[PDB]
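S.K.: Below you'll find the structure I mean.
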Amino acid sequence: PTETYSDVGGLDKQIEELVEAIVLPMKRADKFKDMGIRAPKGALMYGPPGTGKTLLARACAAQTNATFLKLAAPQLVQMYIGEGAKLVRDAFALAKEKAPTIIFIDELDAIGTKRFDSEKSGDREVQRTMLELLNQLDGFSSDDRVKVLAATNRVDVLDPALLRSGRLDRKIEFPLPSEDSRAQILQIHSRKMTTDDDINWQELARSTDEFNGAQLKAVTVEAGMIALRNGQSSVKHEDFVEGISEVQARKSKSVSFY
Amino acid sequence: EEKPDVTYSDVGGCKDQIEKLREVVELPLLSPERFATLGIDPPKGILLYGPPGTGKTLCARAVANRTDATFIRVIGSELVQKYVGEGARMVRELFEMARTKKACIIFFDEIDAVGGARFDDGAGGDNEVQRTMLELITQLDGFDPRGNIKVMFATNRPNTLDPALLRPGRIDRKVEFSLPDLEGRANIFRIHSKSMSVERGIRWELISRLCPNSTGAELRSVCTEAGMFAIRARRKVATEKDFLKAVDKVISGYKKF
Amino acid sequence: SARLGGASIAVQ
Amino acid sequence: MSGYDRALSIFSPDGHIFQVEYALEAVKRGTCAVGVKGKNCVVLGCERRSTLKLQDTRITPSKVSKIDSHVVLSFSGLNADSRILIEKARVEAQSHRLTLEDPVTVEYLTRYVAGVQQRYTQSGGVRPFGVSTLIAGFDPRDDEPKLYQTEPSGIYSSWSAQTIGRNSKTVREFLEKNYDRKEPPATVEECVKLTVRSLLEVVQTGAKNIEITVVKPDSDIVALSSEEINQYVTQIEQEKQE
Amino acid sequence: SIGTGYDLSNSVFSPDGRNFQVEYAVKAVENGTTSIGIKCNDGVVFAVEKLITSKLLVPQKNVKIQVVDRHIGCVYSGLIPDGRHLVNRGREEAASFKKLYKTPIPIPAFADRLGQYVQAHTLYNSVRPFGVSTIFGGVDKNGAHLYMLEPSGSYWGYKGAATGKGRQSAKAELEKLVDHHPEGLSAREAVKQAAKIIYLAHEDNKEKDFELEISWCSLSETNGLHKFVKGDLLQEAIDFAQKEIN
Amino acid sequence: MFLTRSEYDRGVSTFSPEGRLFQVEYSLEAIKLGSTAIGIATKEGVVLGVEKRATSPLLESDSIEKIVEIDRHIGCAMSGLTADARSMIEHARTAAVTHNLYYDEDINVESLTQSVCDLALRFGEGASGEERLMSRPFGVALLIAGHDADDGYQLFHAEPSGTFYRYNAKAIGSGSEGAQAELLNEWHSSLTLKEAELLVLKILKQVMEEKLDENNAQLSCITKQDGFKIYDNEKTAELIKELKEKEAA
Amino acid sequence: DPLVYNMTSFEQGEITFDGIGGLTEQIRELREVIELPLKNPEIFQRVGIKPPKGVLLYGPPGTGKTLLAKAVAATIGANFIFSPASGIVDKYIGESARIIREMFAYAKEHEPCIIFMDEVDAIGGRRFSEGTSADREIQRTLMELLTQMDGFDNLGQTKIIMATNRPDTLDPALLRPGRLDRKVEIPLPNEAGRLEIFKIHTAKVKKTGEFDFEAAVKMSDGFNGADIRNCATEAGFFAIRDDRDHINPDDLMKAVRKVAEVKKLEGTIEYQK
Amino acid sequence: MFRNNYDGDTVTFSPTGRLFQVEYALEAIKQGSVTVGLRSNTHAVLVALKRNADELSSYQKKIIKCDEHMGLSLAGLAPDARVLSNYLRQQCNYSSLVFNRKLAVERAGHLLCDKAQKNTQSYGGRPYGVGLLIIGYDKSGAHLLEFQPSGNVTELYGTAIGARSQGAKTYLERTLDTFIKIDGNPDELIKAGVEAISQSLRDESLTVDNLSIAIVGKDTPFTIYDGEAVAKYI
Ligand SMILES: Nc1ncnc2c1ncn2[C@@H]1O[C@H](COP(=O)(O)OP(=O)(O)O)[C@@H](O)[C@H]1O
Ligand SMILES: Nc1ncnc2c1ncn2[C@@H]1O[C@H](COP(=O)(O)OP(=O)(O)O)[C@@H](O)[C@H]1O
Ligand SMILES: Nc1ncnc2c1ncn2[C@@H]1O[C@H](COP(=O)(O)OP(=O)(O)O)[C@@H](O)[C@H]1O
């Protein structure tokens, strides 16, 4: 969908900072390309799951429109593979016809193998194919509004190939939110369902503890249902209380002395 | 396909999930008006999991007979991972069967080696395993939100499966199953060893006291070994102590590993 | 085919 | 580990406590023993695992172990731990006799030495007593026979006969067959031929290995002579003729 | 000391020579309330943001300040109770001084005590450091002083101070103020100059309201003793500082 | 997380990662693993009852004791383990005599268990500020019972967790729930001692692993007249004798 | 294998020595040794030398050694290959090591041609008596390398250079001269050595102001040899963000001050001799 | 999800600053039941409902004497209350034979706040996991304070804790300037301080025994209205 830039909270700080690193890939080649100075060719970055990084990724494409096809390394894992590794290398000259469209790879590289040795299985064809698709590429400051990239789970575990860290190292840990943020996020996920307004998330905003962004989507999608679990068209808003703990269910069984 | 013929009375056990699996099988099917005033068609599609043979199969089977529901028997790795050409070609024909069909459900099993692990880019690899996997993912969101069809999957181990395809909107829920307490252990002798030559007036909880953490389908063997001793006597009919002699053989006689 | 299975590998 | 409640403290999810069931799982590796009370007598027995004919026969540290004229103790398994319980029991005997001006019972004794172990498994910086014991003998001026068995968990439970240690389950089924709460053996020699006969399954006819006492009214305590034993070892075997 | 590491337990020098079990603490106080310490030219003054976390709280009922024997003002930050602990040691030892040497307590030798009791909770393995950042400033025949407190014991002598979630914000003014006043202000006027801080520092947390409290100690106004301030004084201030920031 | 318990069980005094601390609950289970007990409220007296686990035919089962007096007018049963229970008895009855010395009257029963259920919290923290005495908690669900003036015929249910409730009837053992149901729909408010003694045996013939007689259960009574005592076998072999005709059909 | 037939990317391309600073003597210590056999080999036969075979570097990372590892390509015009000491291992034992024989021969079939090898500490262990079930595999993978450069198989007219950030831990049997006949350390240079490196970026992009270095570089006692290319672009990175597309010496200061403490929070880890 | 360390003991800070075990203590009391109250300028109240095991059983005792000019309730663990209570009686007793200028309410919090501190830094020991409610009276009049295991004692008008509490405090926040303006009418604030407890629960019958109250004022000594004398106050 064409959801807004934000859709996430009031994180103007990162996004209004971030794409400043992408204006030059987007445009500004008049003196930039007359200065010829460095150009991050795909702002690959990080932050473990829980975040709206896909949303920050995709919502940034709200300004730089991009067709909905974004295929990852689990497409690159088959029998006698390499035709998939052919696909990736052709992927950009394909798109380089005329498109600011930019896809978004996703890498959990050693999420299948171990890492007892730091000398690691930096995956076969990505580590190879990522080079040519990055080394021999420019954006022309028009019809290349952004640069294709990816992201990963944790920036400790990689075998940085040539130019894997030479230029393309623009990267931030998304700072997990706070109570002033949080209560306005869960507001979003109830914009389609209304309830008894007797207790705001601002009332909840002190009650949160150790809640990352994604799993908060698992709050009102149930707690909106936990109300109509008892078929009240008027949605109550204390079902959050006994549903939020359903993240792990608490094994709550007849508290003896407590 | 159109009748499993297995009831709530067939099931003892914990039993409680079934009223939760009594959620999405009905209101999308019968009455969203209970929730039309707030977020219509609010459920979209769910999943099951549990350790082996804890009725995870039998549970959904317990309700397909209800609602005049009509499910499938081409399941898991058995009949589509082994004899294989264009698996999705059946799936296109499947939805072609199912495109207008009503009161029917998809469900299948065995999905550890099917679409659970993506081969980790090893073990020789397979592509048709994925394409027919994705070919569903194409057919998945065709009309299900506004439509009426349901979706149910099963695993011995959910987190052993693939979490990659779990893009919500495509997926809602995975419910758990474990062993029951004694009462779930209680009402199953009332069916399992029912169908046997046994004496009446027999208390069937002391055995439940004396078979802690354990699933159900082995009790069928406990029954199978229960009715073994009037035999051994050349006697006729089952006592209760016969269980006790049998329970000695099979729990502490099995925990050794 | 014209072959069967046989292999060896490290573990870690 | 001064304090520290290492794993003795840590209960199990099943409920048990590991190091205790471990203990008497270790006890069975040691020499067996046995006790019987008949009409008027009480009898005990042990073994000596086979040495090379060097295990010093004269002053061996044995299994029966007196307390007074009217009480003894036999045990099983570990030995260095046995020697202190034997001490801090008879200590209390000489004490109990003093500050109460009259000797011990046995229902006073087993309570102590079965209660002591509980403190050596419900305290800190302590290992249990990897041992199991039994008590035997009369109360003062009373014909009644009593023996009490006790084990490291701290429970004491009376009996009429019982065996501890190695291959007891190969034995006690023999005794429940013969011995019965119906009717005792008449007198001394009756219990013994019954007593000894029960051992023989784990005995390889080592009459030297096995050592016996009895207990009688008026505290007529005694241990018996290998000849007196061996001439039971044979005539009982003379009865094998079938 | 990232995992399979050293930060977890105390008194284990991480290989760059650090106790990463400590520097987690200073984030704790950094995740707490704000407070300050100022050197008048004749004494001291303190402040704090009391934090309405609800409507059911009572002004002038639940302070965030304690006090030394007669003079030495002392504040808290971050965690209160751990602060409240050693302040019981504050009033304690100074009496051992007074009974013995027959006088009140000087402030430098005071930190010589309180700057070790906390240090002597750093060096063992079976304890925790005080998760605070304390301040105490007072007066004596040699004049006045101010001392900030860090859990590792790195106490120095400041003329202005800060803590909480509003440090770089607040302390900037304290630097941007003093250069315009090398004189060193007297007591009553530095008050409103400081309340300017808190109604500016709270800009972070505009979800809520709050209130504050004030200290007071000087030669010309208390004989150099500690107290609070009430009536028109601070009320003339809170509106003043609120007036001149819009 | 993956392991909420196993990664936090070894810390004896450690609260869980979800609030309810562990080694108490590990200590609250084994009461079932032992052997049941039962007792009932009544205004003309009180009854208690147990099994005894006749393991082998050698154990003179009059010797086992899941039951014992505290004083003349108080009696306690036991469950689970028993080596760890003598110590509370040897402390419990000490209070009654002491209460009958410093105050010289007879002691209440509600003024007793508070000084028993506190004792089993010395591990970790202490009761009246004192540090500690013993490593680990110890699991025996007890069943005190006793007449008094202010309230009359009472019982409580001890628990090593430090809790206790004035049940009017309560069981123990793995068969507790399997019978406590059966009592809930049977306990009236105006019963007699005897029919209760006839009642209780209904459960033991019901719950038990083997056919019962004198040497598989025993009982103990209460009266304001006699105080506390027990019932010998032949008496037990008579309430069971004329039990049957009530179940002739 | 075809993988040896993939690495070779820029075997010639000249990025010469004028684009470097700080190292005017190391290169004097290195232009000496390499080119001369490959320029005028009879000198070592004029004089009677067993010629060298093997060099390496050491010093902390992000410092400019890899540039030097390629800057020699510009002088020669001759061949070159790039390769790590990491992407060698795999499951099938020996397959990692067989490659080593595959490649030195591949040098011999076309030269003048030489080798580079990064991060050799992975193949840089002391052969342990005790081991795991598998870590000895790299040790047997190693010693092929230990062999082939000086083994029974004679060799000439090819060269290897390696590099680490951890000179220690190495099998001394490698460090036998003859396997490599001179060492060198590349440090973080002095301010002036840090100063040519500063201006080369200005030498390309549109400068506007006067020098204004000596006090800027007064802060330059902290940096590495490679954070400044970031710094150089970082000035114009936001000089322009005010849509001011003609740079200044006004704006880098906000950058060069900034980088130091964001670098500080995870910097100065170790130095490795 | 995944395990954390740093919880194994009550001594390690988190990487952030939390004492992760401490919060798990405070977990229990929201997992536990509720015991609430409020303040008048001349009176002040405790109130809390009960639980049980079955119908055969009585209910838990939840509100405990400590003197005439003070009393308290609890919500959480039962033992830790007695520790503090059996401790707390002593100081309000100690002042009554040494100074006999009776103990005030606020300093009681200021010394038992310091109790928990001492038992939340050392090793060998454990934190008293309760958040309790308390009242008092003095020359300063009546008061009302709150407890946490942190040591954060706070003086207040009213407060709720326990599960299903938010609506009731929320009712109180909505209803603030009314119940406290009174004086000499204890039996009407409670009538608001009961329907307060009618916020979120089931209670589908006569809550006669499920519930208990005490109160004090300028004249009223601490006494616990329990039994069917409470039934009128429903
Ligand atoms: N800060 C946030 N605000 C709103 N939604 C969020 C936030 N963080 C995560 N989400 C939810 O998580 C999903 C996006 O996560 P994504 O960026 O894809 O993380 P990942 O790539 O690890 O899956 C969306 O469903 C979104 O609603
Ligand atoms: N409560 C119960 N009622 C009836 N049958 C049960 C119950 N619990 C378990 N079972 C048994 O468990 C088995 C379930 O098998 P199934 O779920 O197909 O295996 P899997 O879980 O490995 O797919 C059946 O054979 C059934 O008899
Ligand atoms: N002396 C130097 N001159 C120019 N650039 C340098 C110098 N030292 C380091 N760099 C910068 O470092 C990067 C790579 O240097 P490299 O040789 O790989 O050092 P390292 O091997 O320590 O990373 C290049 O982007 C380059 O601009």
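Ligands are numbered from 1 in the order shown, chains are lettered A, B, ... in the order of the structure tokens, and residues start at 1 in each chain.
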Set the cut-off to 12 Å and count only C-alpha atoms: what are the residues of chain B that reach chain F? Output as a list in words.
M.R.: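 Interface list for chain B against chain F: residues 159, 181, 182, 183, 186, 201, 202, 203, 204, 205, 206, 207, 208, 209, 210, 211, 212, 240, 241, 243, 244 and 245 of chain B.
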S.K.: Within 10 Å of chain H, which residues of chain F show up when using only C-alpha atoms, listed as an NGL selection string?
M.R.: :F and (1-4 or 7-21 or 41 or 117-118 or 121 or 123-132 or 156-157 or 161-170 or 180-181 or 183-184 or 187)
S.K.: Just need the residues of chain A within 9 Å of chain H, counting only C-alpha atoms, so spit them out as a list in words.
M.R.: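 So the residues of chain A near chain H are residues 198, 199, 203, 238, 241, 255, 256, 257 and 258 of chain A.
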S.K.: Those residues with N, CA and C atoms, as a tab-separated table (two decimals), in the first residue's frame please?
M.R.:
```tsv
chain	number	residue	atom	x	y	z
A	198	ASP	N	-12.06	4.60	28.27
A	198	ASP	CA	-11.87	4.92	29.68
A	198	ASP	C	-10.41	4.85	30.12
A	199	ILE	N	-9.54	4.14	29.39
A	199	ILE	CA	-8.14	3.99	29.77
A	199	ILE	C	-7.30	4.08	28.50
A	203	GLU	N	-2.40	5.78	29.77
A	203	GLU	CA	-2.53	5.07	31.03
A	203	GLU	C	-1.65	3.84	31.04
A	238	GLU	N	-9.85	-3.40	28.72
A	238	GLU	CA	-9.08	-4.11	29.72
A	238	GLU	C	-8.71	-5.51	29.28
A	241	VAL	N	-5.17	-6.31	29.19
A	241	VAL	CA	-4.48	-6.61	30.43
A	241	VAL	C	-4.21	-8.10	30.53
A	255	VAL	N	-2.54	-19.53	41.55
A	255	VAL	CA	-1.52	-18.98	42.44
A	255	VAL	C	-1.83	-19.36	43.88
A	256	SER	N	-0.94	-20.13	44.50
A	256	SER	CA	-1.24	-20.73	45.79
A	256	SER	C	-1.10	-19.72	46.92
A	257	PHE	N	0.11	-19.22	47.13
A	257	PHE	CA	0.40	-18.20	48.14
A	257	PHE	C	0.99	-17.01	47.40
A	258	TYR	N	0.17	-15.98	47.21
A	258	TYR	CA	0.60	-14.79	46.50
A	258	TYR	C	-0.50	-13.75	46.57
```
S.K.: Please, which residues have at least one atom within 10 Å of an atom of ligand 2, using only C-alpha atoms and all ligand atoms, listed as a ChimeraX atom specification?
M.R.: /B:6-15,49-62,108-110,154-156,177-180,183-189,191-192,214-220
S.K.: Check the DSSP output for the backbone and give back, as a PDB file with N, CA and C atoms, in the first residue's frame, the residues of range 63-208 of chain E in strand (DSSP E).
M.R.:
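Below you can see result_15.pdb, which holds the result:
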```pdb
ATOM      1  N   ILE E  65      14.541  15.464  49.313  1.00  0.00           N
ATOM      2  CA  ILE E  65      15.756  15.981  49.932  1.00  0.00           C
ATOM      3  C   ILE E  65      15.825  15.479  51.365  1.00  0.00           C
ATOM      4  N   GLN E  66      17.037  15.191  51.818  1.00  0.00           N
ATOM      5  CA  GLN E  66      17.358  14.967  53.217  1.00  0.00           C
ATOM      6  C   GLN E  66      18.408  15.997  53.617  1.00  0.00           C
ATOM      7  N   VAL E  67      19.008  15.824  54.792  1.00  0.00           N
ATOM      8  CA  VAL E  67      19.882  16.858  55.320  1.00  0.00           C
ATOM      9  C   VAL E  67      20.881  16.260  56.295  1.00  0.00           C
ATOM     10  N   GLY E  73      23.633  20.502  53.330  1.00  0.00           N
ATOM     11  CA  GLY E  73      22.561  20.074  52.458  1.00  0.00           C
ATOM     12  C   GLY E  73      22.984  18.915  51.579  1.00  0.00           C
ATOM     13  N   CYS E  74      22.028  18.037  51.294  1.00  0.00           N
ATOM     14  CA  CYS E  74      22.284  16.874  50.468  1.00  0.00           C
ATOM     15  C   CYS E  74      21.034  16.557  49.679  1.00  0.00           C
ATOM     16  N   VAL E  75      21.233  16.227  48.410  1.00  0.00           N
ATOM     17  CA  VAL E  75      20.161  15.952  47.473  1.00  0.00           C
ATOM     18  C   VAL E  75      20.307  14.502  47.032  1.00  0.00           C
ATOM     19  N   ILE E 135      24.751  15.025  45.408  1.00  0.00           N
ATOM     20  CA  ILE E 135      25.374  16.327  45.570  1.00  0.00           C
ATOM     21  C   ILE E 135      25.241  16.730  47.021  1.00  0.00           C
ATOM     22  N   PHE E 136      26.273  17.375  47.538  1.00  0.00           N
ATOM     23  CA  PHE E 136      26.170  18.016  48.830  1.00  0.00           C
ATOM     24  C   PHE E 136      27.111  19.199  48.865  1.00  0.00           C
ATOM     25  N   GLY E 137      26.598  20.314  49.358  1.00  0.00           N
ATOM     26  CA  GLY E 137      27.336  21.552  49.436  1.00  0.00           C
ATOM     27  C   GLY E 137      26.937  22.298  50.681  1.00  0.00           C
ATOM     28  N   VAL E 139      28.747  25.071  54.101  1.00  0.00           N
ATOM     29  CA  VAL E 139      29.438  26.271  54.536  1.00  0.00           C
ATOM     30  C   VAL E 139      30.300  25.953  55.744  1.00  0.00           C
ATOM     31  N   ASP E 140      31.311  26.782  55.943  1.00  0.00           N
ATOM     32  CA  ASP E 140      32.223  26.631  57.064  1.00  0.00           C
ATOM     33  C   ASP E 140      33.073  27.887  57.145  1.00  0.00           C
ATOM     34  N   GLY E 143      34.730  29.093  54.288  1.00  0.00           N
ATOM     35  CA  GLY E 143      33.851  29.580  53.250  1.00  0.00           C
ATOM     36  C   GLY E 143      32.739  28.605  52.952  1.00  0.00           C
ATOM     37  N   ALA E 144      32.556  28.300  51.672  1.00  0.00           N
ATOM     38  CA  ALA E 144      31.539  27.368  51.230  1.00  0.00           C
ATOM     39  C   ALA E 144      32.141  26.469  50.174  1.00  0.00           C
ATOM     40  N   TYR E 147      30.115  19.761  46.242  1.00  0.00           N
ATOM     41  CA  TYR E 147      30.700  18.483  45.875  1.00  0.00           C
ATOM     42  C   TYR E 147      29.641  17.637  45.193  1.00  0.00           C
ATOM     43  N   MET E 148      29.915  17.245  43.958  1.00  0.00           N
ATOM     44  CA  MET E 148      29.152  16.227  43.265  1.00  0.00           C
ATOM     45  C   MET E 148      29.717  14.860  43.601  1.00  0.00           C
TER      46      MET E 148
END
```
S.K.: At a cut-off of 6 Å around ligand 1, and using only C-alpha atoms and all ligand atoms, what residues come up? Please write them as a ChimeraX atom specification.
M.R.: /A:8-9,49-55,185,213-214,217
S.K.: Kindly export the residues of the current selection with C-alpha atoms, as a short mmCIF file (atom, residue, chain, number, x, y, z; two decimals), in the first residue's frame.
M.R.:
```
data_model
loop_
_atom_site.label_atom_id
_atom_site.label_comp_id
_atom_site.auth_asym_id
_atom_site.auth_seq_id
_atom_site.Cartn_x
_atom_site.Cartn_y
_atom_site.Cartn_z
CA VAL A 8 5.58 3.85 12.91
CA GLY A 9 5.60 6.60 15.51
CA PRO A 49 13.56 -7.92 14.32
CA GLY A 50 10.85 -6.11 16.19
CA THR A 51 11.35 -2.86 14.32
CA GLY A 52 9.50 -1.33 11.42
CA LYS A 53 12.70 -1.41 9.41
CA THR A 54 10.76 -2.97 6.56
CA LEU A 55 8.33 -0.08 6.97
CA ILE A 185 1.94 3.27 18.10
CA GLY A 213 7.81 -2.88 17.99
CA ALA A 214 6.65 -5.92 16.03
CA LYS A 217 1.19 -5.56 16.79
#
```
S.K.: Report as a PyMOL selection string the set of chain E residues whose atoms approach chain A to within 10 Å, with distances computed over only C-alpha atoms.
M.R.: chain E and resi 53+205-207
S.K.: Grab the residues selected above and save them as a short mmCIF file (atom, residue, chain, number, x, y, z; two decimals), in the first residue's frame with C-alpha atoms.
M.R.:
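That gives us again16.cif:
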```
data_model
loop_
_atom_site.label_atom_id
_atom_site.label_comp_id
_atom_site.auth_asym_id
_atom_site.auth_seq_id
_atom_site.Cartn_x
_atom_site.Cartn_y
_atom_site.Cartn_z
CA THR E 53 3.29 10.58 38.20
CA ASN E 205 8.93 15.27 28.96
CA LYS E 206 6.00 17.44 27.85
CA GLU E 207 3.60 14.50 28.27
#
```
S.K.: Would you list the residues that come within 6 Å of ligand 3? Count only C-alpha atoms and all ligand atoms and give the answer as a list in words.
M.R.: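 Written in the requested form, the residues are residues 166 of chain A; 20, 21, 61, 62, 63, 64, 65, 66, 67, 197, 225, 226 and 229 of chain G.
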S.K.: Any idea which chain E residues end up within 12 Å of chain G if we count only C-alpha atoms, as JSON, numbers by chain please?
M.R.: {"E": [1, 14, 15, 16, 17]}
S.K.: Going by DSSP on the backbone, which residues of range 202-251 of chain G come out as helix (DSSP H, G or I)? List them as a count of residues only.
M.R.: 17
S.K.: Quick one: residues within 12 Å of residue 112 in chain F, only C-alpha atoms counted, chain neighbours fewer than 4 positions away excluded, as a list in words?
M.R.: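 Result of the neighbour search: residues 70, 71, 74, 88, 89, 91, 92, 93, 94, 95, 96, 97, 98, 99, 106, 107, 108, 116, 117, 118, 119, 144, 145, 146, 148, 155, 156, 158 and 164 of chain F.
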S.K.: Give me, as a PyMOL selection string, the contact residues of chain E against chain H at a cut-off of 10 Å, counting only C-alpha atoms.
M.R.: chain E and resi 1-3+7-10+20-31+54-59+61-63+79-86+88+121+125-131
S.K.: Which residues are near residue 7 in chain C? Cut-off 12 Å, only C-alpha atoms, ignore same chain within fewer than 5 positions. Put them as a PyMOL selection string.
M.R.: (chain B and resi 123) or (chain G and resi 91-93)
S.K.: How about saving the chosen residues, C-alpha atoms kept, as a PDB file, in the first residue's frame?
M.R.:
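What follows is the written file out.pdb:
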```pdb
ATOM      1  CA  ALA B 123      21.472 -31.316   1.548  1.00  0.00           C
TER       2      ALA B 123
ATOM      3  CA  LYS G  91      33.075 -28.956   4.709  1.00  0.00           C
ATOM      4  CA  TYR G  92      34.957 -31.385   2.521  1.00  0.00           C
ATOM      5  CA  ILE G  93      38.418 -31.765   4.007  1.00  0.00           C
TER       6      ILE G  93
END
```
S.K.: Using only C-alpha atoms, which residues sit within 10 Å of residue 135 in chain G once same-chain residues fewer than 4 positions away are excluded, as a list in words?
M.R.: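 These residues fall inside the cut-off: residues 117 of chain A; 10 and 12 of chain C; 125, 127, 128, 130, 131, 139 and 140 of chain G.
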S.K.: What lies within 9 Å of residue 127 in chain B using only C-alpha atoms, ignoring chain neighbours under 2 positions off, as a short mmCIF file (atom, residue, chain, number, x, y, z; two decimals) with C-alpha atoms, in the first residue's frame?
M.R.:
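So around.cif came out as:
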```
data_model
loop_
_atom_site.label_atom_id
_atom_site.label_comp_id
_atom_site.auth_asym_id
_atom_site.auth_seq_id
_atom_site.Cartn_x
_atom_site.Cartn_y
_atom_site.Cartn_z
CA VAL A 77 18.92 -21.64 -1.82
CA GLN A 78 18.06 -24.50 -4.19
CA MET A 79 19.58 -27.56 -5.91
CA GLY B 125 18.54 -28.64 -2.32
CA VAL B 129 9.46 -27.99 -2.87
CA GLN B 130 9.43 -24.20 -2.78
CA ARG B 131 7.58 -23.27 -5.97
CA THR B 132 4.56 -25.32 -4.97
#
```
S.K.: Taking only C-alpha atoms into account, what are the residues of chain D at most 7 Å from chain F, put as a ChimeraX atom specification?
M.R.: /D:5,9-13,15,115,118,122-124,153-155,157-161
S.K.: So that I can check the surroundings of range 10-17 of chain A, please list as a VMD selection string every protein, DNA and RNA residue that reaches within 8 Å of it, counting only C-alpha atoms and ignoring chain neighbours fewer than 2 positions away.
M.R.: chain A and resid 6 8 19 to 21 56 174 181
